[PDB]
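>>> Model the structure of this input:
(chains A, B and C)
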Amino acid sequence: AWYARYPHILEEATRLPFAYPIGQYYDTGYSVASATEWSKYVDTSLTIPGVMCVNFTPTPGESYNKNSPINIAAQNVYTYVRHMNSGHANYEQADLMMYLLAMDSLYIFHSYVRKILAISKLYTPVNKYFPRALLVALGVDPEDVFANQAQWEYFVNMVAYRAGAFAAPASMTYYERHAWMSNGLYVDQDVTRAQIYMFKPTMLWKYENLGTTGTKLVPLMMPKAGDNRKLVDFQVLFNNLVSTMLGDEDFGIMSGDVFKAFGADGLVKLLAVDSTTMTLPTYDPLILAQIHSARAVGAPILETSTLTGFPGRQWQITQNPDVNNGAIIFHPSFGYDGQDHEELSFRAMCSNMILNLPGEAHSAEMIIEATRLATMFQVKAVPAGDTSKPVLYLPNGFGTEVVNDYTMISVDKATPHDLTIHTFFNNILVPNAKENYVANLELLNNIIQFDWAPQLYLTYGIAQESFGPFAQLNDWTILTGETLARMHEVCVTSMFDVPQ
Amino acid sequence: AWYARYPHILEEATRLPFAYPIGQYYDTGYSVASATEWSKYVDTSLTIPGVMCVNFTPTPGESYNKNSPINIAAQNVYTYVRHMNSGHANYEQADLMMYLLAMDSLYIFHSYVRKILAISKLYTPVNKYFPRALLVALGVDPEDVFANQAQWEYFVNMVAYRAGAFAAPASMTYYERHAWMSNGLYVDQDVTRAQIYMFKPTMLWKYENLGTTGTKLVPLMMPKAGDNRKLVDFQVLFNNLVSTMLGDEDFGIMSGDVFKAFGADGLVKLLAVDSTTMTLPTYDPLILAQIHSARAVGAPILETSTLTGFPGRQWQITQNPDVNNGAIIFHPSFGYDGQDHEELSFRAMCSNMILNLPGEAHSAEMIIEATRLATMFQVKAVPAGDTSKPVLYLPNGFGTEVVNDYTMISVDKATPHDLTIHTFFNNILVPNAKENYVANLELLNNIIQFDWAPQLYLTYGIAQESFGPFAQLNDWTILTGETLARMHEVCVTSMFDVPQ
Amino acid sequence: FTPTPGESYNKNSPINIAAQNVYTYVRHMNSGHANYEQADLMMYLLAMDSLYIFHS
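Residues are numbered from 1 along each chain as shown, chains lettered A, B, ... in the order given. Okay, here it is:
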């Protein structure tokens, strides 16, 4: 060949600088020097996004009866605590189970602040997003972690010490699943300049035992991305979390009874951190499998949230013993977008989802673990009133965690190329504006930069027509709501299961 | 360990049919029962495209004086023919070189009709685009191949017999590249229900021999995908391809000189076909690398094409002994969209290209072979007149072939779900209309269904702003005009050569 | 019951694919008469099916 005869000309001809370090703006330049008269018609910008954050919410699953897996697990752990290990008989099954859920929220908070501490020591020349973009996506000021890192470390250690006052079973996979999910960095590819997936809890459950009418886990809001929160705000959040937890007699005898039934080696163990413990991003395909099938349900509903025609639709877990035979009722109203309007794009999520999977042959565990974060709407919630500004949807069942939002961190194409935060569901609405089509195209390109990005459903407001899954398909199926509800029931039963 | 002690429920809960055969419309249905009142706001339509045809054009490599690599190769092959072996003095070097260029067009046409005949025997139940969609994308009537298979077979055999009468050197790797490109299907993911890439000539060079002005090569059009031409149109094309070529007495004199110079074994031989010669799709990442880094230049300019301010910009490989010292002359003008107006989206190609490659370490052969189909504009061609409706762009030296446009085949949105043909460049213009945005969105989704799809530069007419490369970048670099011209000179010289 | 060839609104239906395959086997491999298309042969085969259903 000619290439074998003259390899020197081929070598000197094709020496190009590869491996551009992502994290800053790049300008391609002009091939035509007279193209400056067409200013916006030539796109010389080139931005590579680096961080996608999955804003998740811990849930016990769908529950409207006593036949829910949460109530079955409550009855089983109550039998193991009292009827086999001599309990105190000052509480029911549901009080113990809501106490266990409060433990889950505590361990999620500890893994969250441990990830916040461990992220800030990551520095590399090939990625300029490390570690400021991850701290921006977590809603924490990076200067407050640069300046007082030792205070952050000792606060994390003190959280791990104070969380050991109560007890929780180690063999329950719910705790270790939430702690592993909330404390990981997951690259979308096995390359040195990959993109970071993340899991930030926006919801934490706060114990609210007031009155005789039963306990309740009220919502507690976590810092959203772009809010520069310091260590004092996280300490205030932690003290608000254990305000009604420590100093409670019922919680004290519950911790004593769990410490009696399960041994000292049978309880969970929060690991101590120090100055040499840092985490690196790992490649997890099973994380990408459930990230791909993740379906957003929108921002949660609080007591302060105003809804026209929807009163009392807050995301609370109730423990009223006078109604429903004292069941742990938790079924929320989805589709709320954070404010009081119609949110036309959420109608695109009313079709049956497409379960996409890598490879050709799929095991049962792969299909079950790929549908952990999926949620399909089933029936519209009937409003109590003649006028209704939003539209809410009741699901047919969800897993141990739902997805509310997503967060994109990428460099801006305009001066001075700082980080931009883009919050979006799977559904993206593009209304009548000349500045919204190019922004939506840039958001689409930034989404498809990631490998297993969730399947979007873009609604165009000027054509009154939405679009299906905007993702590349390899081996897919159509999932009905009944089969996904069955898989969610299996997942919630297996996660809350404890061995006796 | 709930999955271990209850494996039957885990096995039964995840029995899903995953191998969905592409090639038909799929209605996912409504997950919410009352979502049928939202009309097009719930998109329950899912289509997977199957055919991407890359429409190319053979070129000598932008000759503009005697110092071009094609003229140097003409001098080298003329010294090899007439100085090393006792030849004739009736023909010059440029006549022999353009005879060799016309032999490439004849071999491309033979491989074209051979692929038309060999495609129609492809059938698999998991891909319903076989073989009707490939025959639609190749521009033939699919029913005419099935109804007249015996007349189609001997036509290809007679084309091979009447094109094998002349000689062309097999040591020259121009023919062994073009014939290998023009036949054979190329899957994009090496799976069973993969997507097929193709290569079809948009045009071919028909030999016409004039008097003292020269033996200039002329354009000859080819049927596009929405034509459904029968066998007699291809017979007419083959008849006027060699109408003034087989009727020339001096043609065989220089044809036999190649035979006696290069021997009887170092010649290009055409493979005869029978009823069992069936081609199969193969996986080649070398083809996908140059498919991914490909840039469209537009439709060729003909003598019948009307251009305001561009009277003599027709694509012709001229050779006049009177002017330019008897050199082969070929400098086409790109940027022609087929109509007599300026294509607004062609301004987006004035930025520097992005060479994206898989993996981390790239050899020099991979870099020089990944830039074969790319073509970058350098400077606008000066119009001859006070007004000009289109805008044409002169290249900085193109490679051995140029991509005109692309043809994409997919099933229809509505009844009866027949094949639809989409013709688009690398630049897609979305004008301000009611229904163009969702058509552009489904075009984008169908393009990103393909794995190594070319990078699209979408220009929006409402915002008067275009966007950069719409492709997933993995390991990329910015290519300037000078480096790509340096690569293209090497890639032109490496094909037009003889190692003796 | 009613004998049917299946759903067919395109040329990608299995009835048309079987018609093309049996037409190729009849003509292009076994020297057919070229006075009819694939579909005429396939409708003739369906008429044979109705005849054998009547006999049974």
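>>> Kindly report the residues of the stretch 251-400 of chain A close to chain B.
Residues of the stretch 251-400 of chain A lying near chain B by C-beta under 8 Å from any C-beta of the partner chain: A:344, A:347-348, A:350-355, A:357, A:360, A:362, A:364-365, A:367-368, A:376-380, A:393. Every C-beta, even on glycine, is put in place using the N, C-alpha and C of the backbone.
>>> what ranges do the helices span in chain A?
A:2-5, A:7-13, A:69-78, A:93-119, A:132-137, A:143-146, A:149-162, A:173-182, A:231-241, A:249-261, A:285-292, A:364-370, A:437-449, A:481-495 (DSSP state H).
>>> What's the local residue count around the residue in the stretch 201-350 of chain A that chain C sits nearest to?
The nearest approach of the stretch 201-350 of chain A to chain C comes at residue A:350, 27.5 Å away (C-beta to the nearest C-beta). Neighbourhood size, residue A:350 [other C-beta atoms under 10 Å in any protein chain shown]: 26.
>>> list the contacts for it?
Neighbouring residues of residue A:350 by C-beta atoms under 8 Å, 6 or more residues apart in numbering or on different chains: A:377, A:393, B:30-32, B:35, B:38, B:42.
>>> that older thread, taking the residues of the stretch 251-400 of chain A next to chain B one by one, which sit in strands?
Counting by DSSP state E, those place A:353-355, A:357, A:377-380, A:393 in strands.
>>> Emit the ChimeraX select command for whichever of those residues are buried.
A single ChimeraX command selects the buried members of these (16 or more other C-beta atoms under 10 Å in any protein chain shown):
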select /A:353,354,355,357,377,378,380,393
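>>> Tell me which two of the ones in strands among the residues of the stretch 251-400 of chain A next to chain B sit farthest apart.
A:357 and A:380 (30.0 Å; C-beta to C-beta).
>>> just checking, residue A:484 touches residue A:397?
Yes: at 7.2 Å, residue A:484 counts as touching residue A:397 under the criterion of C-beta atoms under 8 Å.
>>> out of these two, which sits in the more crowded spot?
residue A:484 (26 against 22).
>>> Might you report the residue contacts of the residue minimising distance to the centre of chain A?
The structure's chain A has its C-alpha centroid closest to residue A:56; by C-alpha atoms, centre = their mean the separation is 2.4 Å. Residues near residue A:56 by C-beta under 8 Å, 6+ apart: A:181-182, A:199-202, A:373, A:401-404.
>>> Turn those into TSV, columns for neighbour count.
Below are those laid out as TSV (neighbours: other C-beta atoms under 10 Å in any protein chain shown):
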residue	neighbour count
A:181	22
A:182	22
A:199	25
A:200	22
A:201	20
A:202	23
A:373	26
A:401	27
A:402	27
A:403	27
A:404	21
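>>> Pick out whichever of those residues sits closest to chain C.
residue A:373 (36.6 Å).
>>> residues touching the closest one, list them.
A:54, A:56, A:290-291, A:293-295, A:399, A:401-403.
>>> again, only using 10 Å
Applying C-beta atoms under 10 Å, 6 or more residues apart in numbering or on different chains, we find residue A:373 in contact with A:54, A:56, A:181, A:199, A:287, A:289-296, A:398-403, A:454.
>>> need the contact list for residue A:316.
With C-beta under 10 Å, 6+ apart, residue A:316 has these contacts: A:205, A:208, A:216-219, A:301-303, A:329-330, A:332.
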